[PDB]
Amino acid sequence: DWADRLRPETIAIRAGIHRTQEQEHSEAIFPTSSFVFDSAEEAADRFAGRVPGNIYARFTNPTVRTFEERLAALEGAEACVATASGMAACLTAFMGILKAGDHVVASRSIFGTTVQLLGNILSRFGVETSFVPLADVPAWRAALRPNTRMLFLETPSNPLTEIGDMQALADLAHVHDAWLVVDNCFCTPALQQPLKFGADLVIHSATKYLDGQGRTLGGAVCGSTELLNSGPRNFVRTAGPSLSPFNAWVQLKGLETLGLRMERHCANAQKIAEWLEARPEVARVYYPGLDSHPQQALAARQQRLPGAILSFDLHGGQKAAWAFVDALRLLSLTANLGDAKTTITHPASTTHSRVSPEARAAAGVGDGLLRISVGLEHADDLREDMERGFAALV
């Protein structure tokens, strides 16, 4: 009825709520592993699926249910299943959908731990993977195989904020009877809804922006009721990468402010990116809100706002990048994104250090590259701290 027309800001504050008879205004935490039945008959019916209800927290927990329904509603998805972490959501998408003998085409720039999940762990269980540049649709098509069942990507990419053509890759996958799976950590549903571009599964790390304050690990898989009931849900219940009720409670409350946080995140990012581009010490800035971004138009087509993650190359390579960060007094030196606290990191020596120089050169992750997750502090304070980093180059 009336609830179908609610704007996303209202949905993030109100959806998923099933108040108990105590009529608690705020969402309750249910730290319980099992649930009590009124009778043997009720227990048998619930176990047989003849009546709905709670049986075991690995299957159903009310606090986790509130988070799942709220996040699904923000993505426009029919259903959502929560997971212990973002990586576990990737694991749920892969192992709930694929099987030994299947093949995956994945963007080469996805989360390094995801690359290792496909290439070092799932490969030992009969899943083959081919890695292609994100923006090269012909390279995607050329990598397809008869046994290709999934195309997996993040957009925007990390750390260069490269863009993927979601609708083109959805069409490409669906023609070949394969699923499109998009990892939506960069933008969150406040900015991008991959389902509106033909994606079949949307993957989230609640760890980053849904929490938004660096407190907890969590993940989720969003999609149609039918797709999630064809193995992803069963995987979470059976293999048990489940989300704690405490973490769910933190994250579902985090969703309530996602929209207004991303607006400030992105506004601060826009100022910093442009100011960075005019600095003599900076060779290039990677941010989807710059005219200099080669895919600015595709990004604006898919996203309400450019995002809040940028990277930039400074002249002087690694020596300059290390001197720059070592002079900072405000920004966090940490390998994380999606926090109110602005973070900065040097990917070539931390997150891309096990990669080969030629592979980094092919991707474009140079030794003078710094990645900033732009937080919510005052841009003036962020600007002045970065000026300390630039002063260190003199």
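Start at 1 with the first residue shown and count on from there.
- Averaged over CA atoms, B-factors in the entry run higher in 134 to 142 than in the other of 134 to 142 and 231 to 239.
- Of the two segments examined, 205 to 213 and 158 to 166, it is 158 to 166 that shows the higher average Cα temperature factor in the deposited entry.
- Among 148, 225, 257, 244, the highest C-alpha B-factor in the deposited entry belongs to 148.
- Listed residues 268, 85, 251, 302 were ranked by CA B-factor as deposited; 302 comes out on top.
- Placement of the Cα temperature factor of residue 129 within the chain: highest third of the modelled residues, per the deposited record.
- Sort the chain's modelled residues by C-alpha temperature factor and residue 292 lands in the highest third, per the entry.
- The entry lists a Cα temperature factor for residue 63 that places it in the lowest third of the chain's modelled residues.
- The deposited CA B-factor of residue 282 belongs to the highest third of values across its chain.
- When all modelled residues of the chain are sorted by CA temperature factor, residue 219 is found within the lowest third.
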